[PDB]
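Asker: One structure, pasted below without further comment.
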Amino acid sequence: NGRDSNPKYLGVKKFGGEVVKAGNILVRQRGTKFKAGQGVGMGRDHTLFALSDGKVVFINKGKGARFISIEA
RNA sequence: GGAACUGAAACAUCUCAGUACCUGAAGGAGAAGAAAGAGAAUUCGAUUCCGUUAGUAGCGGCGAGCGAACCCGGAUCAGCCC
RNA sequence: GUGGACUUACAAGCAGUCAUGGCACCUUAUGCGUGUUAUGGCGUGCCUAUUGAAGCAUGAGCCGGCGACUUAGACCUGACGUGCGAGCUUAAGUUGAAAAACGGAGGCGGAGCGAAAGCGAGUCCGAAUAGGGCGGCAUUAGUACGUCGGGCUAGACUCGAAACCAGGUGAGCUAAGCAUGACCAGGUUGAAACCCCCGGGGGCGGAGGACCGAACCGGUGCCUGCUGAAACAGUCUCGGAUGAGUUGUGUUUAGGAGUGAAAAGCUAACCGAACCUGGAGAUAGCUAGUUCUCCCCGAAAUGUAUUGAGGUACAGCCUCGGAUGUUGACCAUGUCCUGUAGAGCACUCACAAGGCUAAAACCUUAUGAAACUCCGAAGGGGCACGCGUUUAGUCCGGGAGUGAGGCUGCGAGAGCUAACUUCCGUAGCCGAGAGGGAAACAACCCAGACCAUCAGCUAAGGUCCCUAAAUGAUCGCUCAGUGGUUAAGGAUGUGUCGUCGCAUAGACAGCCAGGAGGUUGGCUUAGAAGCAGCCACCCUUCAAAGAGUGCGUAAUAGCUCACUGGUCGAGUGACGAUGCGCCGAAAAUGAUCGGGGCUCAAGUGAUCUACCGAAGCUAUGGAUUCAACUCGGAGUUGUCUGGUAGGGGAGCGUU
RNA sequence: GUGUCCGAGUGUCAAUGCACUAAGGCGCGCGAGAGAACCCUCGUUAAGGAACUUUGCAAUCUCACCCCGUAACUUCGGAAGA
RNA sequence: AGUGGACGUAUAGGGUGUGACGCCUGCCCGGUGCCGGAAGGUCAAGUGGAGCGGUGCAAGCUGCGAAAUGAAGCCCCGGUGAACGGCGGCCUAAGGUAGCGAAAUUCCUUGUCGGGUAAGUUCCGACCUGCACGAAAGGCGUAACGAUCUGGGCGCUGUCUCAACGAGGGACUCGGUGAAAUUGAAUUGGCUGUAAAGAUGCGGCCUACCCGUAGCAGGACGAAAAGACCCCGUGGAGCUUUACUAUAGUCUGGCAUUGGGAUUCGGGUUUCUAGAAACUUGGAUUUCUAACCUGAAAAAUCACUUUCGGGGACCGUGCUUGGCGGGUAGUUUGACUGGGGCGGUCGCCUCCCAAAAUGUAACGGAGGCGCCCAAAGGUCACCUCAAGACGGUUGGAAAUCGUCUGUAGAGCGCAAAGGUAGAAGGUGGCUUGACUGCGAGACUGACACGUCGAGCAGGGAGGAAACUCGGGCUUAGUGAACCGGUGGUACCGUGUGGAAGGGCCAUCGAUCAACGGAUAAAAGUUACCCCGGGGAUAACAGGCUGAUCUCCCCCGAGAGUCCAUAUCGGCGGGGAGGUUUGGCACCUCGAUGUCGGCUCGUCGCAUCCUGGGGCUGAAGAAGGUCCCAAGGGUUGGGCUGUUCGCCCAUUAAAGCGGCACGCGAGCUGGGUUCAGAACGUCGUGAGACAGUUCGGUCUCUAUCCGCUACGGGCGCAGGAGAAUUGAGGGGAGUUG
RNA sequence: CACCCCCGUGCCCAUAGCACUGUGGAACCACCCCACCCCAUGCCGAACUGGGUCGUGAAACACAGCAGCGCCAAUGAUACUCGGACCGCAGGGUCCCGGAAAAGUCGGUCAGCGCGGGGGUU
Ligand SMILES: CC[C@H]1OC(=O)/C=C/[C@H](C)[C@@H](O[C@@H]2O[C@H](C)C[C@H](N(C)C)[C@H]2O)[C@@H](C)C[C@@H](C)C(=O)/C=C/C=C/[C@@H]1CO[C@@H]1O[C@H](C)[C@@H](O)[C@@H](OC)[C@H]1OC
Ligand SMILES: [Mg+2]
Ligand SMILES: [Mg+2]
Ligand SMILES: [Mg+2]
Ligand SMILES: [Mg+2]
Ligand SMILES: [Mg+2]
Ligand SMILES: [Mg+2]
Ligand SMILES: [Mg+2]
Ligand SMILES: [Mg+2]
Ligand SMILES: [Mg+2]
Ligand SMILES: [Mg+2]
Ligand SMILES: [Mg+2]
Ligand SMILES: [Mg+2]
Ligand SMILES: [Mg+2]
Ligand SMILES: [Mg+2]
Ligand SMILES: [Mg+2]
Ligand SMILES: [Mg+2]
Ligand SMILES: [Mg+2]
Ligand SMILES: [Mg+2]
Ligand SMILES: [Mg+2]
Ligand SMILES: [Mg+2]
Ligand SMILES: [Mg+2]
Ligand SMILES: [Mg+2]
Ligand SMILES: [Mg+2]
Ligand SMILES: [Mg+2]
Ligand SMILES: [Mg+2]
Ligand SMILES: [Mg+2]
Ligand SMILES: [Mg+2]
Ligand SMILES: [Mg+2]
Ligand SMILES: [Mg+2]
Ligand SMILES: [Mg+2]
Ligand SMILES: [Mg+2]
Ligand SMILES: [Mg+2]
Ligand SMILES: [Mg+2]
Ligand SMILES: [Mg+2]
Ligand SMILES: [Mg+2]
Ligand SMILES: [Mg+2]
Ligand SMILES: [Mg+2]
Ligand SMILES: [Mg+2]
Ligand SMILES: [Mg+2]
Ligand SMILES: [Mg+2]
Ligand SMILES: [Mg+2]
Ligand SMILES: [Mg+2]
Ligand SMILES: [Mg+2]
Ligand SMILES: [Mg+2]
Ligand SMILES: [Mg+2]
Ligand SMILES: [Mg+2]
Ligand SMILES: [Mg+2]
Ligand SMILES: [Mg+2]
Ligand SMILES: [Mg+2]
Ligand SMILES: [Mg+2]
Ligand SMILES: [Mg+2]
Ligand SMILES: [Mg+2]
Ligand SMILES: [Mg+2]
Ligand SMILES: [Mg+2]
Ligand SMILES: [Mg+2]
Ligand SMILES: [Mg+2]
Ligand SMILES: [Mg+2]
Ligand SMILES: [Mg+2]
Ligand SMILES: [Mg+2]
Ligand SMILES: [Mg+2]
Ligand SMILES: [Mg+2]
Ligand SMILES: [Mg+2]
Ligand SMILES: [Mg+2]
Ligand SMILES: [Mg+2]
Ligand SMILES: [Mg+2]
Ligand SMILES: [Mg+2]
Ligand SMILES: [Mg+2]
Ligand SMILES: [Mg+2]
Ligand SMILES: [Mg+2]
Ligand SMILES: [Mg+2]
Ligand SMILES: [Mg+2]
Ligand SMILES: [Mg+2]
Ligand SMILES: [Mg+2]
Ligand SMILES: [Mg+2]
Ligand SMILES: [Mg+2]
Ligand SMILES: [Mg+2]
Ligand SMILES: [Mg+2]
Ligand SMILES: [Mg+2]
Ligand SMILES: [Mg+2]
Ligand SMILES: [Mg+2]
Ligand SMILES: [Mg+2]
Ligand SMILES: [Mg+2]
Ligand SMILES: [Mg+2]
Ligand SMILES: [Mg+2]
Ligand SMILES: [Mg+2]
Ligand SMILES: [Mg+2]
Ligand SMILES: [Mg+2]
Ligand SMILES: [Mg+2]
Ligand SMILES: [Mg+2]
Ligand SMILES: [Mg+2]
Ligand SMILES: [Mg+2]
Ligand SMILES: [Mg+2]
Ligand SMILES: [Mg+2]
Ligand SMILES: [Mg+2]
Ligand SMILES: [Mg+2]
Ligand SMILES: [Mg+2]
Ligand SMILES: [Mg+2]
Ligand SMILES: [Mg+2]
Ligand SMILES: [Mg+2]
Ligand SMILES: [Mg+2]
Ligand SMILES: [Mg+2]
Ligand SMILES: [Mg+2]
Ligand SMILES: [Mg+2]
Ligand SMILES: [Mg+2]
Ligand SMILES: [Mg+2]
Ligand SMILES: [Mg+2]
Ligand SMILES: [Mg+2]
Ligand SMILES: [Mg+2]
Ligand SMILES: [Mg+2]
Ligand SMILES: [Mg+2]
Ligand SMILES: [Mg+2]
Ligand SMILES: [Mg+2]
Ligand SMILES: [Mg+2]
Ligand SMILES: [Mg+2]
Ligand SMILES: [Mg+2]
Ligand SMILES: [Mg+2]
Ligand SMILES: [Mg+2]
Ligand SMILES: [Mg+2]
Ligand SMILES: [Mg+2]
Ligand SMILES: [Mg+2]
Ligand SMILES: [Mg+2]
Ligand SMILES: [Mg+2]
Ligand SMILES: [Mg+2]
Ligand SMILES: [Mg+2]
Ligand SMILES: [Mg+2]
Ligand SMILES: [Mg+2]
Ligand SMILES: [Mg+2]
Ligand SMILES: [Mg+2]
Ligand SMILES: [Mg+2]
Ligand SMILES: [Mg+2]
Ligand SMILES: [Mg+2]
Ligand SMILES: [Mg+2]
Ligand SMILES: [Mg+2]
Ligand SMILES: [Mg+2]
Ligand SMILES: [Mg+2]
Ligand SMILES: [Mg+2]
Ligand SMILES: [Mg+2]
Ligand SMILES: [Mg+2]
Ligand SMILES: [Mg+2]
């Protein structure tokens, strides 16, 4: 063994209560650990970036049912 | 005739360098010199030396690095003979 | 070395430091004196290299004197200063020189974008519109010098290679050759050939890389010699000693070359490539060394990359200046994100007793999990505020160094739940840190040294003597020197509670009294009969006794026992929690808690004071760094001043 | 260390060997005491005899000439100074 | 040029290896070498120049440029071993002929038996199981020879038990001369602790009047040479080869020196009734003598002439071609690494570690990638998976159909984590958005790279539309830079116009996988080693730890007929000691000498003897085992360098360990570890192994402390002679 | 939001879901109804789908009861932990302050809010 692979510094890049420019990246994820609410659009590797400038808010009933909206 | 350390963080091309060194000829100097040229204005008008153009052009395992010439400004300026 | 003051012969000692006393002296000098001295306290040379230095790590005998960050250039870059300023200035040279002027060729600013053609405050990409660099805007003014910080290139802070190359010098040592001369006492052995008697005997003869042994040539073994008598020898012993011998002279062969009966041996006393001069101050990522003083700030041993790992590049951290202007920082509120501790089996692996059944499955019950999660804190990170105390931050430009870390505690891995082990996270100390405590001691506990005082309160730690300070006070605890070195395990050790029995209808040991019944009980080997031993315990006679405890020879008896009794006269026996202790408990020169000594506490657990105790804090005096505040550095108030690499600043000494 | 030449006598089979000595030459350019440990070159050693030690390393022992006598083996010479 | 070979000429000369003599010298031509062959494969310059292009109005000039034809040489085919070699592993070209064998070769190894000694790791003779013999890198013998090595025996010895006495030269004392290595400074003790972990110098405690002198050799990690061992340096040098690169040399084709001619000519021209005389441009054999080379004659080397003689247009030399070329030369030969080597690893992806942010090391625990898919894409539309039970045709535990349960227990191309049921899974229709030009904004990184990305243009594709498309559910499927190939484009293109060449856009070439990548192009070896450094880093020793080692204790199964504990103690548990093999890497690489012996010793006690005990399965005696006990004592020899162990023969007994595995400024020097050499084994080679074997320099001068002796001074309240008490210190201590 | 009830479509986002179950009927919805063709089944008008009444509330669906199941879930007490401060050689553990789960019990629920329309009491 003695093998390993680079860190992928994934996360909630922008936490609810953070104003965001358009195109800011807010969550990094392997998949849909977050499912993108209103105003946000999710990319190829399933990072989801805000489309509209404003505050970031978490809709989060959880269990795969967590969504990131942006409010203007 | 012609190095090698060395640099290239190794090392062959490269550089170190036509350096050091050996050998020949000669003088108070020597060399060179009177355009089958530079050059791009149909200009220049022998040779040598300084400043500059200029680290420009360019050369380079296009790497380390190596590097002009013309224009222009001065020092000195004689062209003579087969 | 000579002479004089003071001193020195039970003293333990980085050579001193402060203090006190004794003696001597009085020319910056009768003092807050100079020389010396006794005693007391205190006290790990210096530098370097270091995680860490008194080190038993390096360097150094001592004093002097030489001795290391330079110079260069029409170079690049920055800070400061000066002239001129939208412009600024020369170079080569020329003419003068006890003096400098002329000299515009040329350089820099003025426009940028593009790969370039080329356009031009626009420009490249492109088919038009999205960008990049750029001007407007802040038009940030440049340039010639001087000084200085850096950079470059050249020996480039100084010393130091082993090597490489060039042209020479060497065969007078030694390695061989050639020419030519010379030397080898003496004794032993007796080949051929030649000649007689029958290959053999005799004679005769004088051969040999033959024998012994002097010179001579050579070095076999011990010893001596080992700052030698000698830079390879000496005594003694040994090899050869007519041969492949020794030796003179003259002479030839040499540097990757010669010579070599072959060791890489010899080539002028260091030959796996001589010597000398030179290239040449070769290179040196390696070592050591780098000197005057004071002020201010102050690190790093981390990340990634590397023919990289002990070295470099770029970040990270330091400093100086400019700008900005609280953006910092801690703490609080609000919010969001997380899958650890824990905890759980709901999936995956595992796994514990059963029921159920052609056992997978299934149910009751029961568990572990870094790569399991139905769950899931504490904390932690981002944002916003400041609803609150503070002073840092950000970018831009010059200079750095650091890129070897060390411990402890917490959390993990690796290891053996070893290591003053190795590798990460994290906090603090050390590095770079002085002062008090811990006998001693970078890391631990206390506490960050501006200077001066024969002033005060305290921290940790202490208060019997060493040794500063209560032989303090009160309730105990341990009689072990435990204190002042572990454990599994044992113990009628001792206090504190605490759970279970049987007693003035009289029990525990304690003395006499009885020990019974089938039954010499079934089941066993050869006999096993309270009393080897696998299987099973009911029944009679009794105020009274279990087919019944350990012993006994191999089996029964035998003295005791569990209930019974006259006596006996009052508590006992059991497992338990614990507090302090005992054993368990052997290592190497001589013992010990730092020592004395401590229970007639100087141990201990609980409380409470009173004081000692630091370079921390307070007092008086004093000076720097900064900043405000005033007058044309000064002074006030506040504040700050441990320090390695390093950066900055003010100054002293020499020619 | 250094090449060549001459290098007497007594005795001893011989000799340039060994011992004494002629000629000739010299006592080695600090001395004098003293008679410890220890060290170097030496002499003798009870009893034992290799026990020593890596090894009999070293030190003994053997010693010249003459007579007698000498093996396994042999390349017929030698081993043999058995 | 000239020389040596050689004033020699195959019975001679050169090289290579074996190494008198004797009997001998087997197998294997596959690779490598070499010698022959030379049907065919390939192969340079040169001869040829068909065609492809520029540039000019054109003549023409000019850049490329095939086919065929071109030597040696290599591929191919034989052979060669007294050529390099090979003759073994429960198919290779073959597999060991004789001879020998525990060897100079034997690891296991002190092999087994015999011999010799009281005792034999040695030695000798047999045996053979030859790790890992062997036939001219020669095998088996051999008389004689050896300062050769090994084993034995005689002889004699101070080698020794065990040393003594004597001599001389030192050594000591006096007078004369009078150095040296060294040296931080010294007012320089013992223990025990502590500190970088070995203290004179830090702590406590003990001891110690001042100073010498003769001695010793424990300490001062004493002295000496900035470790020759080990590691490091993008140090060096010597040596090696099928590392790389060149190259003296060497072979080969063509051109010149270099020529007439006959002879066969694939061909040239004007020549003539498909044709041949003048003639060749050449090639080819063959031949010739004026070039040239060489030799003989009074004129030695050289020149002349030569009645001359031989070779001969070759040989030699100049240029150029291609091959051979460790002989020479200049170099390359990676890093991490709980010391180097060996093994492993080097880039990207997934998980745990990673301590609920991101991040985080390890030669830590697990596994994947160097691709795929014309549809596994875009879009539009449509389906729902495991698994179980009941029932069923050839099948039955599981084909297939049928019902019931069925937030998933399936699937998602490969590894896993996330994710997913309104799909990313499955199945069709259409087509390519697997587009060109851009990139607001962020994530991430020191850079450089990397990730995601709304929306705009041109234009597509699917859908009725909203809308979705600039690749795949996601995360791996990858390499800057240089130098070049291919297609466009029309920017530079040196006087001008063109073109040659260059630039740009697209694309191709990389286990450069040591994966940020030194060159286009590179392996070993050093023990002949050299330099510079490192205690940054191994071998020793000390330290820390104590797995392993040594010891004790608890339990108690059983053994002990019986009876656990007289003894012994399974399977398990707890400690101690630091003597073993270690780990770790802390002081020491400007030096800490290392194994064994010898000489001196001293300490522990886990006690071999001796002394005092308890229990005993103790009658007695001899024992067993445990307790207390460290005063003393603990033998001599054979084997091996040994420690050890075995053995002889005795003992009261033949103790175990510490003290740098105590002791080399005390001694040896056998072992091991420098240069020579040989054997086996490994390597083609230089060379190599902690396998073996012979051999191989151990440095007169003691300052200090410390130790044994011997004085000087002073002290001890007068100055003196002599006798003394013993504080307190040593020696002795055994036993049959 | 007059009272109910139906069809649909949201918010919510198992305290709403399952099962047992009962009411429902031409009003709404639902099956049945037929198929050459629109349109379709990798076979079937089962599914889409196109043409409709009867019939029937069977099934599905809506709505009520329902605490067997699931779903939620205290308090209390712990586990753990931020800071402080300690002991044990060690594995380990204690104390002060404050934050504080998970599991279980107690107990809670078969929901809760809109919007448009259709038909009822005519
Ligand atoms: C004193 C006797 C000899 O001693 C020696 O040969 C002594 C040498 C000593 C022992 C050596 O040092 C040791 O080196 C070991 C590798 C390590 C060791 N310890 C510390 C770990 C260390 O001690 C040598 C190499 C050390 C130094 C001093 C050195 O190189 C000495 C050279 C000269 C020494 C001496 C020289 O002897 C020469 O011998 C010739 C035979 C004589 O003729 C003569 O030559 C002229 C003589 O001198 C050179
Ligand atoms: Mg591993
Ligand atoms: Mg270089
Ligand atoms: Mg070079
Ligand atoms: Mg010159
Ligand atoms: Mg000259
Ligand atoms: Mg001249
Ligand atoms: Mg006194
Ligand atoms: Mg003293
Ligand atoms: Mg100090
Ligand atoms: Mg160190
Ligand atoms: Mg020192
Ligand atoms: Mg020294
Ligand atoms: Mg110039
Ligand atoms: Mg300025
Ligand atoms: Mg701008
Ligand atoms: Mg300037
Ligand atoms: Mg500076
Ligand atoms: Mg700079
Ligand atoms: Mg130098
Ligand atoms: Mg002879
Ligand atoms: Mg003889
Ligand atoms: Mg010799
Ligand atoms: Mg002899
Ligand atoms: Mg030289
Ligand atoms: Mg050579
Ligand atoms: Mg020499
Ligand atoms: Mg140079
Ligand atoms: Mg480094
Ligand atoms: Mg930097
Ligand atoms: Mg900020
Ligand atoms: Mg703030
Ligand atoms: Mg857990
Ligand atoms: Mg965290
Ligand atoms: Mg605000
Ligand atoms: Mg800067
Ligand atoms: Mg580091
Ligand atoms: Mg660290
Ligand atoms: Mg472990
Ligand atoms: Mg450590
Ligand atoms: Mg370490
Ligand atoms: Mg440091
Ligand atoms: Mg600090
Ligand atoms: Mg301190
Ligand atoms: Mg202490
Ligand atoms: Mg102290
Ligand atoms: Mg220290
Ligand atoms: Mg300190
Ligand atoms: Mg420490
Ligand atoms: Mg404290
Ligand atoms: Mg006080
Ligand atoms: Mg206090
Ligand atoms: Mg006191
Ligand atoms: Mg206990
Ligand atoms: Mg008291
Ligand atoms: Mg007080
Ligand atoms: Mg104080
Ligand atoms: Mg102060
Ligand atoms: Mg003042
Ligand atoms: Mg400071
Ligand atoms: Mg301070
Ligand atoms: Mg300071
Ligand atoms: Mg004579
Ligand atoms: Mg005579
Ligand atoms: Mg005589
Ligand atoms: Mg004589
Ligand atoms: Mg004389
Ligand atoms: Mg004399
Ligand atoms: Mg002697
Ligand atoms: Mg004797
Ligand atoms: Mg005898
Ligand atoms: Mg012996
Ligand atoms: Mg012997
Ligand atoms: Mg020997
Ligand atoms: Mg001898
Ligand atoms: Mg015979
Ligand atoms: Mg005979
Ligand atoms: Mg004889
Ligand atoms: Mg040979
Ligand atoms: Mg043997
Ligand atoms: Mg042998
Ligand atoms: Mg042999
Ligand atoms: Mg034997
Ligand atoms: Mg034998
Ligand atoms: Mg052979
Ligand atoms: Mg031989
Ligand atoms: Mg002989
Ligand atoms: Mg010989
Ligand atoms: Mg012998
Ligand atoms: Mg004597
Ligand atoms: Mg004497
Ligand atoms: Mg004297
Ligand atoms: Mg004199
Ligand atoms: Mg200690
Ligand atoms: Mg220590
Ligand atoms: Mg002391
Ligand atoms: Mg001191
Ligand atoms: Mg001595
Ligand atoms: Mg060194
Ligand atoms: Mg060295
Ligand atoms: Mg090299
Ligand atoms: Mg050639
Ligand atoms: Mg060629
Ligand atoms: Mg070579
Ligand atoms: Mg390495
Ligand atoms: Mg994390
Ligand atoms: Mg780290
Ligand atoms: Mg799909
Ligand atoms: Mg888009
Ligand atoms: Mg579009
Ligand atoms: Mg359409
Ligand atoms: Mg092209
Ligand atoms: Mg490359
Ligand atoms: Mg790399
Ligand atoms: Mg040598
Ligand atoms: Mg050092
Ligand atoms: Mg170390
Ligand atoms: Mg060691
Ligand atoms: Mg060892
Ligand atoms: Mg030293
Ligand atoms: Mg030394
Ligand atoms: Mg004892
Ligand atoms: Mg006894
Ligand atoms: Mg007895
Ligand atoms: Mg003893
Ligand atoms: Mg001992
Ligand atoms: Mg040891
Ligand atoms: Mg030793
Ligand atoms: Mg030896
Ligand atoms: Mg071989
Ligand atoms: Mg031997
Ligand atoms: Mg001596
Ligand atoms: Mg002497
Ligand atoms: Mg008195
Ligand atoms: Mg006494
Ligand atoms: Mg005394
Ligand atoms: Mg609660
Ligand atoms: Mg708190
Ligand atoms: Mg805490
Ligand atoms: Mg709490």
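Ordering of the structure tokens sets the chain letters (A, B, ...); residue numbers start at 1 within each chain; ligands are numbered from 1 in the order shown.
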Kindly determine which residues of chain C lie within 10 Å of chain A, considering only C-alpha atoms (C1' of nucleotides), and give the answer as a ChimeraX atom specification.
Answerer: /C:334-338,382-384
Asker: Excluding residue 85 in chain F and any residue of its chain fewer than 4 positions from it, enumerate the residues within 12 Å of it, using only C-alpha atoms (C1' of nucleotides), and give them as a list in words.
Answerer: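 So the residues in contact are residues 94, 95, 96 and 97 of chain F.
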Asker: Could you list, as a PyMOL selection string, all residues that come within 12 Å of ligand 2? Count only C-alpha atoms (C1' of nucleotides) and all ligand atoms.
Answerer: (chain A and resi 1-3) or (chain C and resi 414) or (chain E and resi 344-345+362-366)
Asker: Write the selection just made, keeping N, CA and C atoms (P, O5', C5', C4', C3', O3' and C1' of nucleotides), as a PDB file, in the first residue's frame?
Answerer:
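Final output, part-v9.pdb:
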ATOM      1  N   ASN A   1       0.805  -1.230   0.000  1.00  0.00           N
ATOM      2  CA  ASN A   1       0.000   0.000   0.000  1.00  0.00           C
ATOM      3  C   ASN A   1       0.844   1.289   0.000  1.00  0.00           C
ATOM      4  N   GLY A   2       0.634   2.134   1.010  1.00  0.00           N
ATOM      5  CA  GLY A   2       1.391   3.363   1.104  1.00  0.00           C
ATOM      6  C   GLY A   2       1.035   4.367   0.043  1.00  0.00           C
ATOM      7  N   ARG A   3      -0.054   4.118  -0.691  1.00  0.00           N
ATOM      8  CA  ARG A   3      -0.664   4.992  -1.686  1.00  0.00           C
ATOM      9  C   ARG A   3      -1.685   5.916  -1.031  1.00  0.00           C
TER      10      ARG A   3
ATOM     11  P     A C 414      -1.147   1.512  14.376  1.00  0.00           P
ATOM     12  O5'   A C 414       0.405   1.521  14.076  1.00  0.00           O
ATOM     13  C5'   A C 414       0.853   1.599  12.734  1.00  0.00           C
ATOM     14  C4'   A C 414       2.351   1.739  12.637  1.00  0.00           C
ATOM     15  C3'   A C 414       3.198   0.876  13.575  1.00  0.00           C
ATOM     16  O3'   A C 414       3.366  -0.476  13.179  1.00  0.00           O
ATOM     17  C1'   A C 414       3.951   3.077  13.688  1.00  0.00           C
TER      18        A C 414
ATOM     19  P     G E 344      11.780  -5.704  -5.892  1.00  0.00           P
ATOM     20  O5'   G E 344      10.959  -4.543  -5.171  1.00  0.00           O
ATOM     21  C5'   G E 344       9.778  -4.877  -4.454  1.00  0.00           C
ATOM     22  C4'   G E 344       9.337  -3.805  -3.486  1.00  0.00           C
ATOM     23  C3'   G E 344       8.966  -2.468  -4.080  1.00  0.00           C
ATOM     24  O3'   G E 344       7.672  -2.506  -4.652  1.00  0.00           O
ATOM     25  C1'   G E 344      10.288  -2.129  -2.160  1.00  0.00           C
ATOM     26  P     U E 345       7.323  -1.689  -5.992  1.00  0.00           P
ATOM     27  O5'   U E 345       7.361  -0.170  -5.519  1.00  0.00           O
ATOM     28  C5'   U E 345       6.601   0.259  -4.399  1.00  0.00           C
ATOM     29  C4'   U E 345       6.810   1.724  -4.129  1.00  0.00           C
ATOM     30  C3'   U E 345       6.940   2.613  -5.363  1.00  0.00           C
ATOM     31  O3'   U E 345       5.680   2.953  -5.939  1.00  0.00           O
ATOM     32  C1'   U E 345       8.681   3.107  -3.876  1.00  0.00           C
ATOM     33  P     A E 362       4.830  10.921   3.932  1.00  0.00           P
ATOM     34  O5'   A E 362       5.269   9.632   4.737  1.00  0.00           O
ATOM     35  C5'   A E 362       6.451   9.639   5.516  1.00  0.00           C
ATOM     36  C4'   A E 362       6.435   8.486   6.481  1.00  0.00           C
ATOM     37  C3'   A E 362       5.954   7.171   5.900  1.00  0.00           C
ATOM     38  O3'   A E 362       7.008   6.499   5.244  1.00  0.00           O
ATOM     39  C1'   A E 362       4.983   7.545   8.043  1.00  0.00           C
ATOM     40  P     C E 363       7.140   6.541   3.646  1.00  0.00           P
ATOM     41  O5'   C E 363       7.389   5.003   3.318  1.00  0.00           O
ATOM     42  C5'   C E 363       6.395   4.034   3.642  1.00  0.00           C
ATOM     43  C4'   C E 363       6.961   2.742   4.200  1.00  0.00           C
ATOM     44  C3'   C E 363       7.622   2.799   5.580  1.00  0.00           C
ATOM     45  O3'   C E 363       7.181   1.706   6.375  1.00  0.00           O
ATOM     46  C1'   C E 363       9.063   1.759   4.011  1.00  0.00           C
ATOM     47  P     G E 364       6.589   1.992   7.836  1.00  0.00           P
ATOM     48  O5'   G E 364       5.247   2.777   7.534  1.00  0.00           O
ATOM     49  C5'   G E 364       4.138   2.131   6.926  1.00  0.00           C
ATOM     50  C4'   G E 364       2.963   2.053   7.869  1.00  0.00           C
ATOM     51  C3'   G E 364       1.733   1.354   7.332  1.00  0.00           C
ATOM     52  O3'   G E 364       1.824  -0.043   7.450  1.00  0.00           O
ATOM     53  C1'   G E 364       1.096   3.392   8.314  1.00  0.00           C
ATOM     54  P     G E 365       1.384  -0.907   6.207  1.00  0.00           P
ATOM     55  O5'   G E 365      -0.170  -1.064   6.477  1.00  0.00           O
ATOM     56  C5'   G E 365      -0.666  -1.409   7.772  1.00  0.00           C
ATOM     57  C4'   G E 365      -2.184  -1.275   7.878  1.00  0.00           C
ATOM     58  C3'   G E 365      -3.030  -1.831   6.736  1.00  0.00           C
ATOM     59  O3'   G E 365      -3.238  -3.216   6.845  1.00  0.00           O
ATOM     60  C1'   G E 365      -3.808   0.315   7.287  1.00  0.00           C
ATOM     61  P     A E 366      -3.372  -4.091   5.522  1.00  0.00           P
ATOM     62  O5'   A E 366      -4.138  -3.129   4.540  1.00  0.00           O
ATOM     63  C5'   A E 366      -4.492  -3.572   3.246  1.00  0.00           C
ATOM     64  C4'   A E 366      -5.900  -3.166   2.912  1.00  0.00           C
ATOM     65  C3'   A E 366      -6.248  -3.191   1.440  1.00  0.00           C
ATOM     66  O3'   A E 366      -6.572  -4.480   0.966  1.00  0.00           O
ATOM     67  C1'   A E 366      -6.889  -1.131   2.317  1.00  0.00           C
TER      68        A E 366
END
Asker: Any idea which chain A residues end up within 12 Å of chain F if we count only C-alpha atoms (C1' of nucleotides), as a VMD selection string please?
Answerer: chain A and resid 59 to 63 65 to 66
